[PDB]
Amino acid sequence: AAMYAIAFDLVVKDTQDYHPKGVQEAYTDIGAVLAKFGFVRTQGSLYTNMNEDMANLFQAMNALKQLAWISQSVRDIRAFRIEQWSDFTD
């Protein structure tokens, strides 16, 4: 049904080369913070909670940027409300 989704882009220090292992390490670190609030990563890059309590989402967002290391390694935090979600096999 309906869910909240948290998305973000990592700060890039090296525009010459990719650092995919660095990227996985950041994701699973942010994941640790967000799991305290029931927000858990898709098969993709989005952190989802089917509990659409605004207070829970707010205290997830307080937990991010309250942590100095969160500010200093992320560049865009966004939240969405997702109202539909379908998989296409066809």
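One rule holds for the numbers: they count along the sequence shown, beginning at 1.
As listed in the deposited structure, the average C-alpha B-factor of 24 to 32 and of 60 to 68 is greater for 60 to 68. In the deposited entry, the Cα temperature factor of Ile6 places it in the lowest third of its chain's modelled residues. Per the deposited record, the Cα B-factor of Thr42 falls in the highest third when ranked against the other modelled residues of its chain.
For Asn51, the recorded CA B-factor ranks within the highest third of the chain. Only modelled residues enter the ranking.
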